[PDB]
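Listed below are the residues making up each chain.
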Amino acid sequence: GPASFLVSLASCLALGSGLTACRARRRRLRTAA
Amino acid sequence: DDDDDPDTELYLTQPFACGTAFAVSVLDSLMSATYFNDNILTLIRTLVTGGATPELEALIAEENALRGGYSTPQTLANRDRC
Amino acid sequence: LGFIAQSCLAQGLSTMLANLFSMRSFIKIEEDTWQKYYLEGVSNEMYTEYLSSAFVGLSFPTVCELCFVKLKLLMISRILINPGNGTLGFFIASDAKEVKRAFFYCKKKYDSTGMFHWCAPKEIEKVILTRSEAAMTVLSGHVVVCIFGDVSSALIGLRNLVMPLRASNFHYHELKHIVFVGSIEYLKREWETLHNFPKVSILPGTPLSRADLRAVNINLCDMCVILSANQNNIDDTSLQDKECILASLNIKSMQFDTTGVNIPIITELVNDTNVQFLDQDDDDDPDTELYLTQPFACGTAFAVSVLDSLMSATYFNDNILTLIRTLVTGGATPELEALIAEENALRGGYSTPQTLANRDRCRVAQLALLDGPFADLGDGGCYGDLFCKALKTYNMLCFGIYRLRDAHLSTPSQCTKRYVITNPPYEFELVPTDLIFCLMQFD
Amino acid sequence: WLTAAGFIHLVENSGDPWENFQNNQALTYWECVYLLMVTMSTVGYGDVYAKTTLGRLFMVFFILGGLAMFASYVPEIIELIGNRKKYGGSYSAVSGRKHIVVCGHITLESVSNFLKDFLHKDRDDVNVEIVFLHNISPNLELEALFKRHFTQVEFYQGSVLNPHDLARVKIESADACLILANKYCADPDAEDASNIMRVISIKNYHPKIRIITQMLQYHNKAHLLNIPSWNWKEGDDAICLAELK
Amino acid sequence: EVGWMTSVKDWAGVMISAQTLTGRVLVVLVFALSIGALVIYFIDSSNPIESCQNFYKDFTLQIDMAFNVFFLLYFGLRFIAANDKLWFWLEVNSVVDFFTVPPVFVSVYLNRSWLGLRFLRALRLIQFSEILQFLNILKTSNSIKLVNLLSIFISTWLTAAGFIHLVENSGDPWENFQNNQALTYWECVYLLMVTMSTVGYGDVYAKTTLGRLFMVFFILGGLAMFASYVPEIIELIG
Ligand SMILES: [Ca+2]
Ligand SMILES: [Ca+2]
Ligand SMILES: [Mg+2]
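Residues numbered from 1 in each chain as written, not as in the entry; some residues may be left out. Chains lettered and ligands numbered in written order. Part of a larger assembly, values for the part shown. Heavy atoms only, no water.

Judging from the entry metadata, cryo-EM is the method by which this structure was determined, and 3.6 Å is the reported resolution.

And the structure:
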């Protein structure tokens with residue numbers, strides 16, 4: 001139980017961090033364009 | 001001679017769009033614009049009601065009655081307003 | 001109104017008078033703040049106790065002075081206040097356990113009576129003023145009363161406010177001028193009783209107007225009083241003294257050729273919650289009591305809620321209530337009550353030698369400390385020597401200390417508010433910047 | 001409940017004396033508790049019931065005094081238990097994102113208009129979080145409106161006059177304080193009075209905060225200048241609707 | 001910068017709400033899979049209390065595993081966006097996730113399925129008014145209140161019926177499970193409907209010690225609920 005919950009939490013946090021990082025550089029690095 | 005629908009907003013109504021109607025409800029959006037940069041409110045006060053000079057606010061605060069005196073060259077120079 | 005007038009005569013008197021009647025146990029706080037010294041004065045209550053057989057000897061008066069060192073308590077047939085020139089001793093002991101140490105231990109100008117001042121009746125048109133003449137007329141150290149009222153407003157009654165300021169030992173030159181600012185209709189309604197009073201002025205308008213306040217020389221006034229009458233009409237808790245506060249603030253926010261924040265102003269509040277709005281540089285908590293609030297402790301606030309404890313003190317020994325009536329409002333002689341009952345209008349007559357003899361009353365006064373022969377005791381470090389010398393030199397007893405709020409800190413500050421101390425201990429350090437409460441005699 | 005159950009247990013276990021104690025039903029105390037709970041709840045399964053003459057008599061004389069007691073106590077007990085503050089707690093100050101506090105006249109239409117004008121996509125990509133502070137708890141429509149702005153607005157029930165509620169919304173880190181006004185009122189003087197009170201009450205807790213407010217009259221706006229900390233230089237505003245109109 | 005933890009918290013908060021297309025898709029999926037999990041529990045109720053079923057040779061267990069995996073992901077997303085962690089741990093949806101997903105994981109691991117607290121899935125039926133309000137479908141106050149009342153009533157009814165089914169089918173442990181009344185889930189639903197309606201035919205009733213205890217502790221909280229919800233629900237419908 002707890003191990004699966006921790007795995008799901010870590011996966012969700014990693015996915016959120018990756019999506020935020022991808023969107024951040026997609027937006028700033030192309031502010032002029 | 002216009003379409004009357006309760007659903008449409010005030011800004012879409014013909015009498016308001018023609019400048020023949022006014023309501024205080026359209027001034028509620030002033031707060032949001034004022035918050036983001038305050039320079040607008042003093043710009044409004046200098047664009048309407050003639051002009052709200054800092055000194056005039058104090059004069060109205062202390063006597064609560066507009067009074068005048070003999071003009072000065074600088075007093076007449078305070079006329080470049082458009 | 002008597003407490004308000006007493007505060008006008010000497011600032012902070014209303015707070016200590018109210019605190020002397022409420023029963024408060026001693027409390028201590030670890031932190032060194034202004035509240036620590038204030039809470040040592042609120043612990044002293046007003047008691048009544050009989051004297052001993054050691055003090056019934058050669059003379060009652062001469063034994064009274066300088067005997068407080070042994071008894072460690074303060075003393076204040078008939079009503080006796082500062083007895084100079086079986087008796088019930090009006091003590092200021094901190095508790096009833098140690099109050100048992102006195103007896104146990106044995107080693108046309110005046111009125112019809114002369115209690116107040118009277119003059120010819122005046123017409124409302126002869127006292128109504130205008131901003132032009134009000135500014136032209138010079139007023140310094142006077143009394144200004146801000147009155148709020150309407151057409152349907154209730155009746156306060158200002159006869160009890162000007163009466164305490166016109167006592168016998170107050171000379172016509174020393175009489176404090178009183179000016180009322182507010183709606184003229186309310187003053188006209190109250191004019192049926194406010195016409196036999198000398199040195200009174202009325203300026204129409206509203207106290208919320210800066211110009212009207214500027215005209216009456218608010219900056220140099222001795223005391224500004226904010227009073228309201230319409231609060232009995234509105235039943236909304238939020239709106240109540242929503243008034244009064246705005247004016248107190250306009251008074252504080254005025255700018256003169258300096259800021260008016262240090263102007264001595266006292267405000268009457270019907271709701272105790274609104275007191276947090278009186279001051280901005282203080283902690284505002286709804287849980288704390290009114291007597292702990294800074295504006296009340298400084299004598300700038302007063303409410304009728306602090307007078308509810310008067311009933312309990314009055315019940316246990318009734319002598320206090322007549323002592324209150326002779327300590328405030330000038331004096332309530334038995335004859336004056338009958339005269340007020342039968343005519344309901346104060347009148348006077350030609351003076352008599354006995355009429356002028358009814359002037360030995362001693363009344364409160366505020367004494368400075370920067371200048372005077374007592375400058376040696378400004379920073380002597382022992383409060384007891386100060387009042388001992390006052391008693392043994394000029395026959396004056398002090399209730400306590402009127403101390404600056406920030407005087408307790410080493411670093412200087414620009415604060416002006418002063419809180420009250422009642423009966424400081426014998427080993428109490430003094431500060432050169434201080435004010436002294438005293439009961440000055442006549443001359 | 002327990003006394004009636006115990007009496008039923010005693011009566012059923014000890015049969016009526018005139019029948020030579022020959023009616024022992026052998027009912028456990030828990031069974032009697034269950035029977036009393038069922039009977040006074042009007043449900044009446046009938047699986048467990050009193051069979052002795054004294055037990056039936058006590059049931060008859062207890063129904064009248066127990067059904068009313070149950071029907072008057074259980075819903076009322078539930079009501080007193082359910083008394084709670086739904087919109088309590090304080091606001092957590094997030095670093096790097098400024099927040100503002102909006103109080104005054106809060107209503108479904110006014111809040112919706114303010115939200116649709118404040119959070120319009122026309123303005124730049126700015127992330128300012130709005131915190132509401134009203135005494136009256138929002139209705140279902142206002143809660144539904146707040147749900148559609150889940151990550152952008154929060155509501156905290158409280159009084160702006162109370163200094164504790166001002167600390168709850170953390171005005172110390174608040175960027176600005178916004179006070180709405182009930183324009184369509186029957187007493188503009190009274191509305192300006194209450195509003196001047198908040199003005200003050202907010203100032204007493206934190207003079208450094210900036211205030212954007214609506215005033216229905218010009219003399220009340222002039223009275224606002226008498227407030228000690230009416231620092232319009234760095235930032236402060238007072239929209240006089242009558243003056244601007 | 002501006003806070004990386006705050007960024008992911010805001011991202012999750014946007015995802016939980018129906019403010020983006022992905023958020024609306026996730027909300028609709030949560031609705032559909034909650035309904036599907038309720039249906040699956042309804043179907044699995046006919047099976048005995050305990051049984052052995054092969055995961056890769058069964059069609060229901062795989063769907064249940066997918067459903068609870070999605071529910072675990074949704075719980076993680078909610079936890080990231082949660083403001084207070086302690087008070088989010090005590091929410092009803094969190095509790096049913098905790099008591100629903102790990103048991104199915106263990107059942108898949110051990111190749112043995114026990115119908116224990118699986119009835120708690122009906123509590124997931126409660127979070128429907130918030131789902132509709134996120135999607136902006138449900139706006140007016142009357143309809144919001146009607147949906148709230150209906151969801152609460154139906155969820156409480158189904159949860160109580162499932163608890164009665166579990167208790168009656170699985171006798172009290174101290175009696176060596178010798179009080180199996182063999183009550184179908186529909187029979188328990190009927191019993192709960194009759195009991196909270198005060199009628200009380202008595203043809204169907206709880207006989208186990210735990211069942212009688214839950215009936216006693218549920219009458220107080222259910223009779224008032226029925227009497228306050230059914231007439232009011234009728235009024236809003238009318
Ligand atoms: Ca004491
Ligand atoms: Ca304050
Ligand atoms: Mg938020």
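Trainee: Would you mind going over the interface of chain E and chain D in detail, with residue names and values included?
Mentor: Taken together, the contact pairs 35 residues of chain E with 28 residues of chain D. Carbon and sulfur atoms supply 63% of the area buried between chain E and chain D, which totals about 2,800 Å² over both sides. The three residues of chain E that bury the most area against chain D are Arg212, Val216 and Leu220 of chain E, which together make up 19% of that side's buried surface. Summed over the shared surface of chain E and chain D, the number is two salt bridges. A salt bridge links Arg97 of chain D to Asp10 of chain E, with the shortest nitrogen-to-oxygen separation between them at 2.0 Å. (Contact = heavy atoms within 4.5 Å. Buried area = accessible area lost by both parts, 1.4 Å probe. Salt bridge = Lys/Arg side-chain N within 4 Å of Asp/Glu carboxyl O.)

Trainee: Give me the lowdown on the pattern of salt bridges, citing residues and values where you can.
Mentor: Two side chains with opposite charge may pair up if their charged atoms get near one another. Residue and element names in this part refer to chain C. Throughout the structure, instances matching the rule amount to 26 salt bridges over all chains. For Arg405, the salt bridge is made with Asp281, and the minimal N-O distance between the two is 4.0 Å. Taken together, the residues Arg405 in the loop between β10 (400-404) and β11 (418-422) and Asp281 in the loop between β7 (265-268) and α11 (294-297) connect sequence positions 124 residues apart. With a relative accessible area of 14%, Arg405 lands in the buried category. For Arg347, the salt bridge is made with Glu343, and the minimal N-O distance between the two is 3.7 Å. Judged by its relative accessible area of 41%, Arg347 falls in the partly exposed class. Linked through salt bridges whose partners overlap, the residues forming this network are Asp281, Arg405, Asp406 and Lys417. (Helix = DSSP H or I, 4+ residues; strand = E, 2+ residues; numbered from the N terminus. Buried < 20%, exposed > 50% of the residue type's maximum accessible area, 1.4 Å probe, protein only.)

Trainee: Give a detailed account of the packing of aromatic side chains, specifying residues and quantitative values.
Mentor: Going through the model one piece at a time under the given rule, you end up with 39 aromatic pairs over all chains. Geometrically, the ring pair formed by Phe5 of chain A and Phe98 of chain E is tilted, given 5.2 Å between the ring centres and 50° between the ring planes. Pair noted here: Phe5 of chain A is in helix α1 (residues 2-28) and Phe98 of chain E is in helix α5 (residues 92-110), and the two residues belong to different chains. Accessibility assignment for this pair places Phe5 of chain A and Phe98 of chain E in one class, buried. The structure contains a cluster of three or more aromatic residues connected by ring pairs, namely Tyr35 and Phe36 of chain B together with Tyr87, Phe114, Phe118, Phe132, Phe146 and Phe155 of chain D. Positioned above the aromatic ring of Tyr291 of chain C, the side-chain terminus of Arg24 of chain C is 4.3 Å from the ring centre. For the cation-ring pair, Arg212 of chain E lies above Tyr34 of chain D, with the distance from its terminal atom to the ring centre recorded as 5.1 Å. (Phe/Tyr/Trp six-rings, centres within 6.5 Å; stacked < 30°, edge-to-face > 60°. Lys NZ or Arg CZ within 6 Å of the ring centre and 35° of its normal.)

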